[PDB]
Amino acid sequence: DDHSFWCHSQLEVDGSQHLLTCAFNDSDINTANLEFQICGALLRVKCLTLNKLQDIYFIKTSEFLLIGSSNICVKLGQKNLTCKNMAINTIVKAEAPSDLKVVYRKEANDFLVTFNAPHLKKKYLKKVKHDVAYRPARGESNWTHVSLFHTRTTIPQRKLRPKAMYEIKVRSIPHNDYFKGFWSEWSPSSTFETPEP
């Protein structure tokens, strides 16, 4: 009997439109005839109803003001089961970085890590904080994390085991005094090999 849910927004998804996604915390829930409705802080309309796709609800729209809060309600018919007030601008999930690449530089005794940061080309929210994580590809290790505000970093050779394969991936989160939210999905992982010492 728990209809608790989460939502996140994503800006400028396949063009100028923004995406709102919500889902129930409990996946073992009878979603029979349940709908998600968002009202308030919209440009031209009072409310929008989200579209269901398997276990998630979404709406891609131009209507968000990105100013002020909206009520998001889980409804059964005209009955509100649970409503939460939240601002689209404070639940932004960043887009994942892409094109992760690692090059060994012998002259520098290090590894140069580069990736592409999609927010740089967007209209709003251009600056994100990145999180690069790496560890050996085989076996269990605590990931090493590197926090960055740009799209390159270096790893000194000596920091890594020799003659080994590493896995590496990167994610991003909004870093903006107005837009706030959540970590992106991880990039796909890359792997690279370390040389003899």
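Numbers for residues come from their place in the sequence shown, where the first is 1.
Looking at 167 to 175 and 51 to 59 together, the entry lists the larger mean B-factor for 51 to 59, computed on C-alpha atoms. Mean CA B-factor, 100 to 108 versus 82 to 90: the higher value falls on 100 to 108. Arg44: CA B factor in the highest third of modelled residues in this chain (values from the PDB entry). Remark: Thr21 belongs to the lowest third of its chain, ranked by C-alpha B-factor as recorded.
When the modelled residues of the chain are ordered by C-alpha B-factor, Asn71 sits in the lowest third. In the deposited entry, the Cα temperature factor of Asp28 places it in the highest third of its chain's modelled residues. Looking at the C-alpha B-factors along this chain, the one for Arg161 belongs to the middle third.
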